[PDB]
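This report refers to the structure that appears directly beneath it.
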Amino acid sequence: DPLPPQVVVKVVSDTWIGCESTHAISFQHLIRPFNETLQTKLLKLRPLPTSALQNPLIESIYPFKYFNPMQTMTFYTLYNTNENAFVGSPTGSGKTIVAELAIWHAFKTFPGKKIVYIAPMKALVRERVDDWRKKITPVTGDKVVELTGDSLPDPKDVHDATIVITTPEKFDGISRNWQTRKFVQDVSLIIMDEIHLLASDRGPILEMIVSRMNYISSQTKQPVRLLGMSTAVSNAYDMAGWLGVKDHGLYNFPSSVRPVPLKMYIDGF
Amino acid sequence: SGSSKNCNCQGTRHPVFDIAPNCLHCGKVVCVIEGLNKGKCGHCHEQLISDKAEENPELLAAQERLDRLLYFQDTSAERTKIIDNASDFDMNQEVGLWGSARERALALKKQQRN
Amino acid sequence: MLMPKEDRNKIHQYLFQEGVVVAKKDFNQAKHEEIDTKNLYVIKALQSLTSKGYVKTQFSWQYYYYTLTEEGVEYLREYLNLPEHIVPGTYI
Amino acid sequence: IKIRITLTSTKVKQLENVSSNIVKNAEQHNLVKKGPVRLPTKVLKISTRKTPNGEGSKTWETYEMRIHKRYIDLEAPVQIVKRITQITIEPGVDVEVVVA
Amino acid sequence: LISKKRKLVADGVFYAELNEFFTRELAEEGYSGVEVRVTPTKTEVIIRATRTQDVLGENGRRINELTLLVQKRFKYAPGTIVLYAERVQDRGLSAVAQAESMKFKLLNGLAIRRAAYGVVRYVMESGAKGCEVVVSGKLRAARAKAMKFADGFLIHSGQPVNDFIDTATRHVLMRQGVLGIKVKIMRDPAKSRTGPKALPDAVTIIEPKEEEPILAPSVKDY
RNA sequence: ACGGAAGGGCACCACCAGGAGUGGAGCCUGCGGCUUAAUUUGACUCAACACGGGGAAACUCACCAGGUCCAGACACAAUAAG
RNA sequence: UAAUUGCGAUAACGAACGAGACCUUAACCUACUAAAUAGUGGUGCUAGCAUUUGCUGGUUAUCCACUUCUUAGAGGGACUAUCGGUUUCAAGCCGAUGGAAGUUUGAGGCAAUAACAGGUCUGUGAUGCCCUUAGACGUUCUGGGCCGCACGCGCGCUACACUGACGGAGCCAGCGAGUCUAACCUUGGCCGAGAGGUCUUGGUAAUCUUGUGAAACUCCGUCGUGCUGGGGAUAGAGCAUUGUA
Ligand SMILES: [Mg+2]
Ligand SMILES: [Mg+2]
Ligand SMILES: [Mg+2]
Ligand SMILES: [Mg+2]
Ligand SMILES: [Mg+2]
Ligand SMILES: [Mg+2]
Ligand SMILES: [Mg+2]
Ligand SMILES: [Mg+2]
Ligand SMILES: [Mg+2]
Ligand SMILES: [Mg+2]
Ligand SMILES: [Mg+2]
Ligand SMILES: [Mg+2]
Ligand SMILES: [Mg+2]
Ligand SMILES: [Mg+2]
Ligand SMILES: [Mg+2]
Ligand SMILES: [Zn+2]
Ligand SMILES: [Zn+2]
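Note that the protein sequences, when read in sequence, are chains CA, CC, AK, AU and AD.
Each residue of the first sequence is one higher than the one before, starting from 1074 at the first, in the entry's author numbering.
Numbering (the entry's author numbering) for the second sequence: 170 to 220, 318 to 380.
Each residue of the third sequence is one higher than the one before, starting from 1 at the first, in the entry's author numbering.
Each residue of the fourth sequence is one higher than the one before, starting from 20 at the first, in the entry's author numbering.
Each residue of the fifth sequence is one higher than the one before, starting from 4 at the first, in the entry's author numbering.
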């Protein structure tokens, strides 16, 4: 953490004396991307659990009254603001509730929309919907239609669907029709999880999607709110600048803080 | 202080107000600058400061781990430690007993006894 | 010269933890920087240690940079009666 | 906010380089910019006798230091101003900025 | 609050203060110059010497004290000064370093004819177009006389001398008196890579490619 | 290298045509001389003489008449907490 | 040819340093990049005279535009360009036109081999040696002297006058310099013949001193060929400033 004056290499023989040579390697090419953004856990002692929500419709559901502790700088920032921000949450530290802020973000301002969720693997599609069949639809009266490769729902149902969960590859095919697909005009917030898959093969599929919406927002001249769900990521700055997020709101917490402590052990063979 | 500069940094560039870390109505974070100059919220214009059995049991139980989470963050320097199978773990505080060998002299005396 | 033990005691102990002391070649200036004493003693008390092979001296446009040598370290330790490896100037 | 940045290198070639990148850095972010202004060169002359003694034909030298100065005026909200000073540091080319 | 009329003037003297310090401090460690780098809140300096480990030392000792001396003397705030230790590239080309070796060779009973002519062959071997060494003062006699050893070729006139030759002088203490050292080394222009790449009068022509006449109107369509 | 030797060719630190002059008068300043306690001192054609960047009231300062201090580091030996 | 700079002849060939080239500065660009720390025009508020369309103006948060003038950075621009004479018709030279520039465009920086027993120990914490090193040639305090004046020299300034002197008015530059733990450059107000003093001001400086409103200069008046109103050392008296003095 304290940057040393250099990193120096030493070569030494094993039989003679003084058969040594030294090179001092300077490192000065230290740029703002070359850092970890991170955030220190501040004094957020008093939460706004359930009571400070101003919507009795949802206050009657989600019986877990206390607000999430790990959302210190998140809380209600995106609840009212329309500004793109990055939320990196390691492990299962509220991935369900934090992904549900899309209804909190702008659904109250304009209801009956088709905000689209994106998951990296097809396995996440089932859990992101099946677990939510008895949590939102029975109480909010809003239906959710899955859009996958094995499912071909009625397009009128897709238009009337409230939340759409689609893998990037399956989303790519319907993303080929922004010119004429009348389904895709209601995009106000796009949410996706496990956004640090870019090193994988599927990452290129998802990466090109965001740049597509940036052109749509740029060309059509209206803002489209974004929301990133992921774990701790080393290059926080560069991805933040590519999502078009701004200073108010950024979540980057290390593996040091977890809901349950993690123990590690190393071995060789 | 009566200043009209609504510092809505939410603590990003300024220390947060210790007495009023946030807003009780809309969750906006109020820093120290936003705190002294106005007692009202900048977003929803709600007052920040009003002029164990009784308390909700889950409110005080919740903040208990927050202090631990703060403790976890504050005590995160050594949490990256590795047990390994090659770690000597000299278990010394700062020195090997001032770099002097008399604590094990009794072991030699014990060997002499044996 | 004849002069209180309080400041040579201060001088050497100050020289101990960081290992460098700087004193202008300004005679009779009487107020050293971050040493309340006079430079007159700071300038001369040290080449005596250099004379008995303890510290090394430069002029560098009459600024008198000082730094103790390798064996200069221990001599002061019994002079101040600190324990072995208390707080040398070799700290990382 | 009226961000004012001054540049007073002794060297001109690299100063232009560290100035050339700035103006394009403002426009690439689609920001209002007021152009670089090159103040007159400050010439620091010192005329001295050649010889160290007092003898000889009265031969004189003068020595010149050139102090070029450049500054560019920008206006922007704070979020994109703190992201300018911390970069573009090159040797012998000091950079100073004043707000308002 | 210092005017740039005086700030930078004070800035150049800070460099000159530092350089005369090292050549008095690390002379035997192959001191080869320095440059001062200024950064907002960060003041960093690059020390050039052949034995980077000796300039650095165990636990970064030598730099830590040298950083510490500059720390105290110029009243810097802790951590506002950082030293950098680096080697000199092409030690056989740098007049500052080759001046020191001559100051070394003389003190060891080595012949002024042999010792000087030794450095010149290595300088030209290391990539120099020209190089010479001047040694002045009493040499085998109480009457002062100077002998000059040179090889290659050197220019005396024009600003290329500033650009193409570097100067170096190191006095020698000897019990006959002071024997002066003056070294001017002319680097290869071909490796200048910063500004000019050759002498001003150097005019070169790229060789063409000759072509035989077609001798016939010919047709290539697409 | 020198020539009251020759050829050829240069130069307002040479000349010609001329300007403005200095050498004459007052004073400022420098050098020699005289003097004094001292009037510190280097340089004497070009290549010294408003030059030592020297226009010095103290300082500068080296000189004159005087008065304080030791900066003798370090080592050795002597005296020695009556 | 300014040039061991060239043509050429040739017991020499091929090289090298000096010269030149190099670079700094000076004038050209109505061309690129721009600019209240520069300016120009128009437009808002506003002063004066004829008033009718004007002329002279003032105005920082009244705006908008521009870069001719001022700044630079980047570039171009001169190579004797072209024409005519003269020379083995070879380097060149001379004249003319054009050109901002045609005596390497002017002025500089730079500047060799060899040498002086030139100057310097009074720049050097650069040094070899010698003298001294404790009522010291060391250091430091009071007061002198470095300035003393029968004379002789050198760099000089001021003049001996109507191309003048003096009183009024007209009224113009450029290279520069200037404060932080200090007290720098000082506008404006006020006091004071003047010297100068006091209360503030802006300026760490293309933005404040400063248009440095300088002088010699121009015009209108006084004087009048008199060692005179030229010239101002000499002396004496007093008033302020510097700095402990
Ligand atoms: Mg002439
Ligand atoms: Mg004549
Ligand atoms: Mg005359
Ligand atoms: Mg001559
Ligand atoms: Mg005196
Ligand atoms: Mg005196
Ligand atoms: Mg007006
Ligand atoms: Mg012709
Ligand atoms: Mg010339
Ligand atoms: Mg000298
Ligand atoms: Mg004198
Ligand atoms: Mg003269
Ligand atoms: Mg008149
Ligand atoms: Mg002017
Ligand atoms: Mg008169
Ligand atoms: Zn704030
Ligand atoms: Zn609120």
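Backbone N, C-alpha and C fix where the C-beta goes; we use that ideal spot for every residue, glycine too.
For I65 of chain AU, the three-state secondary structure derived from DSSP is strand. Closest option to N28 of chain AK, judged by alpha-carbon separation, among AK:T90, AK:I43, AK:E34 and AK:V20: AK:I43. In the structure shown, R76 of chain AD falls within a helical segment according to DSSP collapsed to helix, strand and coil. Assignment of beta-bridge partners to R1201 of chain CA by DSSP yields no partner. Here the alpha carbons of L1118 of chain CA and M1281 of chain CA stand approximately 40 angstroms from one another.
At least one beta carbon of chain AD lies nearer than 8 angstroms to the beta carbon of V22 of chain AK. Proximity of the beta carbon of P71 of chain AU to ligand 10 is indicated: a heavy atom of the ligand is located closer than 7 angstroms. At least one heavy atom of ligand 16 falls within 7 angstroms of the beta-carbon of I202 of chain CC. Set against 7 angstroms, the gap from the CB of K8 of chain AD to the closest heavy atom of ligand 12 is not smaller. In this structure, the beta-carbon distance from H1102 of chain CA to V1081 of chain CA does not fall below 8 angstroms. Non-local C-beta neighbours of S1307 of chain CA in its own chain, meaning closer than 7 angstroms and more than five positions away in sequence, comprise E1109, ordered along the chain. Scanning its chain for C-beta atoms nearer than 8 angstroms, with the 5 sequence neighbours on each side dropped, one finds around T90 of chain AK the residues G19 and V73, in chain order. Annotation: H1232 of chain CA is outside any beta strand (DSSP E); the continuous alpha helix (DSSP H) that includes it extends over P1228 to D1233. At a C-beta separation below 7 angstroms, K1138 of chain CA has these neighbours in chain CC: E324.
When 8 angstroms is used as the limit between beta carbons, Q101 of chain AD is near no residue of chain CA, the shortest such separation being about 21 angstroms. No residue range can be given for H85 of chain AK, since it is assigned to no alpha helix (DSSP H) and is classified by DSSP as neither H nor E.
Residue pairing of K45 of chain AD in beta bridges, as defined by DSSP: AD:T42. With 16 or more other Cβ atoms from the protein chains shown falling within 10 Å of its own Cβ, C192 of chain CC counts as buried. Closest option to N1155 of chain CA, judged by alpha-carbon separation, among CA:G1276, CA:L1300 and CA:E1093: CA:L1300. Chain order gives no chain CA residues near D220 of chain CC, where near means a beta carbon separation below 7 angstroms; the closest approach is about 18 angstroms.
Under the Cβ criterion of 8 angstroms, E89 of chain AD is counted among the residues facing chain CA. Residue environment for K187 of chain AD: buried (at least 16 other C-beta atoms within 10 angstroms of its C-beta). When the Cα atoms are used, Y225 of chain AD and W1251 of chain CA turn out to be separated by approximately 41 angstroms. The segment 1167-1175 of chain CA and the segment 1140-1159 of chain CA touch, with no fewer than 3 CB-CB distances between them shorter than 8 angstroms. Under the DSSP assignment, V1212 of chain CA falls in the alpha helix (DSSP H) whose first and last residues are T1210 to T1213. In this structure, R89 of chain AU places its C-beta atom within 8 angstroms of the C-beta atom of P55 of chain AU.
Chain AU has no Cβ within less than 8 angstroms of the Cβ of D1311 of chain CA.
Chain CC has a Cβ within less than 8 angstroms of the Cβ of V1330 of chain CA. For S173 of chain CC, there are no neighbours in chain CA by C-beta distance under 8 angstroms, as the nearest C-beta there is about 20 angstroms away. The Cβ atoms of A1179 of chain CA and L1262 of chain CA lie closer than 8 angstroms to each other. Scanning chain AD for C-beta atoms nearer than 7 angstroms to the C-beta of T67 of chain AK yields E68 and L72, reported in chain order. Residues of chain AU with a Cβ closer than 8 angstroms to the Cβ of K1319 of chain CA are, in chain order, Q98. One Cα belongs to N44 of chain AU, the other to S1291 of chain CA, and the distance between them is close to 20 angstroms.
Below 8 angstroms, too few C-beta pairs join the segment 65-77 of chain AD and the segment 125-133 of chain AD to call them touching: fewer than three.
Interface annotation for the segment 1094-1115 of chain CA against chain AU: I1104 and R1105, criterion Cβ-Cβ distance under 8 angstroms. In this structure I168 of chain AD is in contact with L157 of chain AD, their Cβ atoms being roughly 7 angstroms apart against a cut-off of 8 angstroms.
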